[PDB]
Amino acid sequence: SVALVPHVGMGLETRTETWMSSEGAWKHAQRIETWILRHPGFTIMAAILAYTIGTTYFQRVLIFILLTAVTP
Amino acid sequence: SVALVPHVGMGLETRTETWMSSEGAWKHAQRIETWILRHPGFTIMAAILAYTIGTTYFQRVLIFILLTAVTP
Amino acid sequence: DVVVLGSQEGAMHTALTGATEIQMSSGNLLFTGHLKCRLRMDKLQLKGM
Amino acid sequence: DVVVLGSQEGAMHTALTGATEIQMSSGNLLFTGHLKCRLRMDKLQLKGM
């Protein structure tokens, strides 16, 4: 639901801070990294995929950080 | 918050349906596609990136559907 | 300033999706799950012969 | 069965992040934003001479 649409990039901003104010970003990171810690295997397999496909080293890096981003 | 980590892959799933059953998936899709409609430019630039990097064709497809998966 | 965050109850529903629920009123109702039993039928009559 | 979904109010907060809030009690309080004015000073004494 409203759980995701969280009106971010959008526009209009302003000179004054808005709401979660230097949190929700570091929130976003901390939670996804947490979930990484919980399910290491999926990291493993994914990384393997990175070493499989493309692999053009920089490519590997990219698609890897992707497969990190992939968890909802 | 609880907005994300929605206890999904996990395990233990039973014969009987659980909760949002047969919604939250098509929710997830509809959501993100909507946001795609709203911000077409980002789709454009991203796709361009796909045509830039790697690009042995299947690669392009992959890193592109990252664009889809970028962020709601 | 300090702000009460506001109830997340629904959002918590949105979280607990992807999980079988359970009704619990008195002590347990528990449904779902599964079990495996092994069956020894020896002493069974045909019910009449 | 049918189920009341439960309040999303907080989750709605989590959504409205990434937005400047505004207090509104009577008619408006509106803060933030910005504006552009151009200033013609002709019309000014040094305040004592």
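A quick note on method: Cβ atoms are made from the backbone with ideal geometry, for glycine too, and the neighbour counts reach across all protein chains shown. Readers should treat all values here as calculations from the given coordinates under stated rules, not as data from a laboratory.
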Each label point is 7 Å from the Cα along the Cα-to-Cβ direction; what then is the distance between the points at D:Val4 and C:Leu5, in nm?
2.2
Given label points at 7 Å from Cα along Cα→Cβ, what nm distances, shortest first, separate C:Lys36 from the same residue in every other copy?
7.5
HN-Hα J in Hz across the stretch D:31-41 - Karplus 6.51, -1.76, 1.60, θ = phi - 60°, x for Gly and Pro
10, 6, x, 7, 8, 10, 10, 10, 10, 10, 9
Theoretical ellipticity at 222 nm over chain B - DSSP helices of four or more residues, -39500 (n - 2.57) apiece, nearest 500
-18500 deg cm²/dmol
Mean per-residue count of partner chain Cβ within 10 Å for A:13-21 equals 5
Quick shape check on the stretch B:8-63: root eigenvalues a ≥ b ≥ c of the Cα gyration tensor, a/c under 1.5 is rounded, otherwise prolate if a/b tops b/c, else oblate, and it reads oblate
Report the local net charge at B:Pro72: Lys and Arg +1, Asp and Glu -1, summed over other residues whose C-beta lies under 13 Å from its C-beta.
+2
Restricting to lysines and to Cα separations under 25 Å from B:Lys27, and discarding same-chain partners fewer than 8 apart, the set is A:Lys27
Quickly rank A:9-16, B:41-48, C:5-12 as a protection proxy: mean count of other C-beta atoms within 10 Å, highest first.
C:5-12, B:41-48, A:9-16
For the axis mapping D onto C, the chain D residue whose beta carbon sits nearest, plus its rounded distance in angstrom, comes out as D:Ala11, 2
Given axes a ≥ b ≥ c from the Cα gyration tensor, I'd like to know whether chain C is rounded (a/c under 1.5), prolate (a/b larger than b/c) or oblate.
prolate
Kindly state, to the nearest 0.05, the FRET efficiency for B:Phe58 paired with C:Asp42, given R0 = 51 Å and r defined as their beta-carbon distance.
0.25
How far, in nm, would the chain grow between B:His7 and B:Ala47 when pulled straight, counting 0.36 nm per residue and subtracting the alpha carbon separation?
11.2 nm
Radius 15 Å from Cβ of A:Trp26, net charge of other residues (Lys, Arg +1; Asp, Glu -1):
-1
Env charge @ D:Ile22, Cβ radius under 15 Å, K,R +1 / D,E -1, value -3
